Amino acid sequence: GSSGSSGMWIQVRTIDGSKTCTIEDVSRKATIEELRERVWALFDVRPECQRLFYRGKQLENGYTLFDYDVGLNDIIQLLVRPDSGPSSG
C-alpha cells in the first residue's frame, strides 16, 4: 500500500508569524484532507477554519501533494478564521 521508508515533514507557520510547527509522517501521495487533521490537532483549529497558502496559491483540499508537487520542508502560511458567529449545527 503506502510505501516510503522515510517520511516527509513541513513547516506550518501562521500567516501572522507567531508560532511554527513541524508536521511529520507525510507522504508524497498523501491527500491534503489528511494534512489539515494535523494542524487541527496541534493548533486545535478546525480543518475549515484554518487556511493553508503556498507560493501565493490558496492550497486546495481533496488532492494529494503530488498533484500540487509540494517539496520537502516547504513553508506554508496558515491563516485561521475567528469565531465568525455562534453558527453551529
# chains A, B, ... in the order shown; residues from 1 in each chain; ligands from 1
$ residues_around --residues "stretch 64-79 of chain A" --least-positions-apart "3" --cutoff "7 Å" --atoms "only C-alpha atoms" --output "PyMOL selection string"
chain A and resi 8-15+28-32+50-54
$ select_by_dssp --residues "stretch 39-68 of chain A" --states "strand (DSSP E)" --output "number ranges by chain"
A: 50-54, 57-58
$ residues_around --residues "residue A:48" --least-positions-apart "2" --cutoff "9 Å" --atoms "only C-alpha atoms" --output "count of residues only"
7
$ select_by_dssp --residues "chain A" --states "alpha helix (DSSP H)" --output "ChimeraX atom specification"
/A:32-42,65-68
$ write_last_selection --atoms "C-alpha atoms" --output "PDB file, in the first residue's frame"
ATOM      1  CA  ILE A  32      -4.478  17.336   1.823  1.00  0.00           C
ATOM      2  CA  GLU A  33      -7.529  16.352   3.869  1.00  0.00           C
ATOM      3  CA  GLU A  34      -5.197  14.222   5.988  1.00  0.00           C
ATOM      4  CA  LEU A  35      -2.790  17.134   6.432  1.00  0.00           C
ATOM      5  CA  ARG A  36      -5.336  19.544   7.911  1.00  0.00           C
ATOM      6  CA  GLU A  37      -6.135  16.957  10.584  1.00  0.00           C
ATOM      7  CA  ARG A  38      -2.631  17.510  11.958  1.00  0.00           C
ATOM      8  CA  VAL A  39      -2.785  21.310  12.043  1.00  0.00           C
ATOM      9  CA  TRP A  40      -6.232  20.837  13.576  1.00  0.00           C
ATOM     10  CA  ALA A  41      -4.800  18.670  16.353  1.00  0.00           C
ATOM     11  CA  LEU A  42      -1.818  20.919  17.072  1.00  0.00           C
ATOM     12  CA  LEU A  65       0.796  16.675  -2.531  1.00  0.00           C
ATOM     13  CA  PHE A  66       1.898  15.014  -5.771  1.00  0.00           C
ATOM     14  CA  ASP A  67      -0.837  16.893  -7.631  1.00  0.00           C
ATOM     15  CA  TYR A  68       0.493  20.238  -6.402  1.00  0.00           C
TER      16      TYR A  68
END
$ atom_distance --atom1 "atom CA of residue A:6" --atom2 "atom CA of residue A:24"
10.3 Å
$ closest_residue --among "A:49, A:21, A:59, A:26" --to "residue A:7" --atoms "only C-alpha atoms"
A:26
$ decode --residues "stretch 56-89 of chain A" --atoms "N, CA and C atoms" --output "PDB file, in the first residue's frame"
ATOM      1  N   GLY A  56       1.779  31.737  -2.707  1.00  0.00           N
ATOM      2  CA  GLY A  56       0.691  32.605  -3.123  1.00  0.00           C
ATOM      3  C   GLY A  56      -0.408  31.851  -3.845  1.00  0.00           C
ATOM      4  N   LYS A  57      -0.604  30.591  -3.471  1.00  0.00           N
ATOM      5  CA  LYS A  57      -1.629  29.759  -4.089  1.00  0.00           C
ATOM      6  C   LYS A  57      -2.485  29.074  -3.029  1.00  0.00           C
ATOM      7  N   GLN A  58      -3.706  29.568  -2.849  1.00  0.00           N
ATOM      8  CA  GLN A  58      -4.622  29.000  -1.867  1.00  0.00           C
ATOM      9  C   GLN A  58      -4.690  27.483  -1.999  1.00  0.00           C
ATOM     10  N   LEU A  59      -3.909  26.787  -1.179  1.00  0.00           N
ATOM     11  CA  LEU A  59      -3.880  25.328  -1.205  1.00  0.00           C
ATOM     12  C   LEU A  59      -5.290  24.754  -1.103  1.00  0.00           C
ATOM     13  N   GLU A  60      -5.630  23.867  -2.033  1.00  0.00           N
ATOM     14  CA  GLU A  60      -6.948  23.243  -2.048  1.00  0.00           C
ATOM     15  C   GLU A  60      -6.914  21.883  -1.355  1.00  0.00           C
ATOM     16  N   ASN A  61      -8.091  21.308  -1.137  1.00  0.00           N
ATOM     17  CA  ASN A  61      -8.197  20.009  -0.482  1.00  0.00           C
ATOM     18  C   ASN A  61      -8.740  18.957  -1.444  1.00  0.00           C
ATOM     19  N   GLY A  62      -8.583  17.689  -1.078  1.00  0.00           N
ATOM     20  CA  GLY A  62      -9.062  16.608  -1.919  1.00  0.00           C
ATOM     21  C   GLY A  62      -7.961  16.000  -2.764  1.00  0.00           C
ATOM     22  N   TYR A  63      -6.984  16.818  -3.139  1.00  0.00           N
ATOM     23  CA  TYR A  63      -5.869  16.354  -3.956  1.00  0.00           C
ATOM     24  C   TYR A  63      -4.698  15.915  -3.083  1.00  0.00           C
ATOM     25  N   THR A  64      -3.689  15.321  -3.713  1.00  0.00           N
ATOM     26  CA  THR A  64      -2.509  14.853  -2.996  1.00  0.00           C
ATOM     27  C   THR A  64      -1.292  15.707  -3.326  1.00  0.00           C
ATOM     28  N   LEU A  65      -0.412  15.880  -2.345  1.00  0.00           N
ATOM     29  CA  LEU A  65       0.796  16.675  -2.531  1.00  0.00           C
ATOM     30  C   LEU A  65       1.330  16.529  -3.953  1.00  0.00           C
ATOM     31  N   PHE A  66       1.407  15.290  -4.426  1.00  0.00           N
ATOM     32  CA  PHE A  66       1.898  15.014  -5.771  1.00  0.00           C
ATOM     33  C   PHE A  66       1.238  15.936  -6.791  1.00  0.00           C
ATOM     34  N   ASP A  67      -0.083  16.044  -6.714  1.00  0.00           N
ATOM     35  CA  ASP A  67      -0.837  16.893  -7.631  1.00  0.00           C
ATOM     36  C   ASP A  67      -0.250  18.301  -7.673  1.00  0.00           C
ATOM     37  N   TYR A  68      -0.058  18.891  -6.499  1.00  0.00           N
ATOM     38  CA  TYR A  68       0.493  20.238  -6.402  1.00  0.00           C
ATOM     39  C   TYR A  68       2.015  20.213  -6.507  1.00  0.00           C
ATOM     40  N   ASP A  69       2.590  19.022  -6.383  1.00  0.00           N
ATOM     41  CA  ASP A  69       4.037  18.859  -6.466  1.00  0.00           C
ATOM     42  C   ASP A  69       4.734  19.623  -5.345  1.00  0.00           C
ATOM     43  N   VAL A  70       4.327  19.355  -4.109  1.00  0.00           N
ATOM     44  CA  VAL A  70       4.912  20.018  -2.950  1.00  0.00           C
ATOM     45  C   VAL A  70       6.298  19.463  -2.641  1.00  0.00           C
ATOM     46  N   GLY A  71       7.191  20.336  -2.186  1.00  0.00           N
ATOM     47  CA  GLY A  71       8.542  19.914  -1.861  1.00  0.00           C
ATOM     48  C   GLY A  71       8.703  19.572  -0.393  1.00  0.00           C
ATOM     49  N   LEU A  72       9.861  19.024  -0.040  1.00  0.00           N
ATOM     50  CA  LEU A  72      10.139  18.648   1.343  1.00  0.00           C
ATOM     51  C   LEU A  72      10.549  19.864   2.165  1.00  0.00           C
ATOM     52  N   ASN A  73       9.914  20.031   3.322  1.00  0.00           N
ATOM     53  CA  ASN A  73      10.215  21.153   4.203  1.00  0.00           C
ATOM     54  C   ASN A  73       9.760  22.470   3.582  1.00  0.00           C
ATOM     55  N   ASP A  74       8.587  22.448   2.958  1.00  0.00           N
ATOM     56  CA  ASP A  74       8.037  23.641   2.323  1.00  0.00           C
ATOM     57  C   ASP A  74       7.191  24.441   3.309  1.00  0.00           C
ATOM     58  N   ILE A  75       7.508  25.724   3.448  1.00  0.00           N
ATOM     59  CA  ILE A  75       6.777  26.595   4.359  1.00  0.00           C
ATOM     60  C   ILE A  75       5.425  26.992   3.775  1.00  0.00           C
ATOM     61  N   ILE A  76       4.372  26.815   4.564  1.00  0.00           N
ATOM     62  CA  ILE A  76       3.023  27.157   4.126  1.00  0.00           C
ATOM     63  C   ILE A  76       2.326  28.055   5.142  1.00  0.00           C
ATOM     64  N   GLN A  77       2.025  29.281   4.731  1.00  0.00           N
ATOM     65  CA  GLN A  77       1.357  30.238   5.606  1.00  0.00           C
ATOM     66  C   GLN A  77       0.007  29.700   6.070  1.00  0.00           C
ATOM     67  N   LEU A  78      -0.261  29.827   7.364  1.00  0.00           N
ATOM     68  CA  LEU A  78      -1.517  29.352   7.935  1.00  0.00           C
ATOM     69  C   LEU A  78      -2.381  30.522   8.396  1.00  0.00           C
ATOM     70  N   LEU A  79      -3.560  30.651   7.797  1.00  0.00           N
ATOM     71  CA  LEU A  79      -4.483  31.726   8.147  1.00  0.00           C
ATOM     72  C   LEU A  79      -5.779  31.165   8.722  1.00  0.00           C
ATOM     73  N   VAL A  80      -5.954  31.319  10.031  1.00  0.00           N
ATOM     74  CA  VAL A  80      -7.153  30.830  10.703  1.00  0.00           C
ATOM     75  C   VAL A  80      -8.224  31.914  10.772  1.00  0.00           C
ATOM     76  N   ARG A  81      -9.479  31.490  10.882  1.00  0.00           N
ATOM     77  CA  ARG A  81     -10.597  32.423  10.956  1.00  0.00           C
ATOM     78  C   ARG A  81     -11.181  32.462  12.365  1.00  0.00           C
ATOM     79  N   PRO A  82     -11.649  33.648  12.780  1.00  0.00           N
ATOM     80  CA  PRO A  82     -12.239  33.847  14.108  1.00  0.00           C
ATOM     81  C   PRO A  82     -13.590  33.153  14.249  1.00  0.00           C
ATOM     82  N   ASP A  83     -14.200  33.293  15.422  1.00  0.00           N
ATOM     83  CA  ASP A  83     -15.497  32.681  15.685  1.00  0.00           C
ATOM     84  C   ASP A  83     -16.404  32.779  14.462  1.00  0.00           C
ATOM     85  N   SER A  84     -16.602  34.001  13.976  1.00  0.00           N
ATOM     86  CA  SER A  84     -17.451  34.232  12.813  1.00  0.00           C
ATOM     87  C   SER A  84     -18.902  33.873  13.119  1.00  0.00           C
ATOM     88  N   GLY A  85     -19.335  34.177  14.340  1.00  0.00           N
ATOM     89  CA  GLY A  85     -20.699  33.879  14.737  1.00  0.00           C
ATOM     90  C   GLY A  85     -20.821  32.535  15.426  1.00  0.00           C
ATOM     91  N   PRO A  86     -21.839  32.398  16.290  1.00  0.00           N
ATOM     92  CA  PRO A  86     -22.086  31.158  17.032  1.00  0.00           C
ATOM     93  C   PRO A  86     -22.572  30.029  16.129  1.00  0.00           C
ATOM     94  N   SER A  87     -22.674  30.315  14.836  1.00  0.00           N
ATOM     95  CA  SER A  87     -23.131  29.324  13.868  1.00  0.00           C
ATOM     96  C   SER A  87     -22.609  27.935  14.226  1.00  0.00           C
ATOM     97  N   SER A  88     -23.527  27.032  14.556  1.00  0.00           N
ATOM     98  CA  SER A  88     -23.161  25.669  14.923  1.00  0.00           C
ATOM     99  C   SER A  88     -24.328  24.714  14.696  1.00  0.00           C
ATOM    100  N   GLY A  89     -24.059  23.617  13.992  1.00  0.00           N
ATOM    101  CA  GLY A  89     -25.096  22.640  13.717  1.00  0.00           C
ATOM    102  C   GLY A  89     -25.898  22.282  14.951  1.00  0.00           C
TER     103      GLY A  89
END
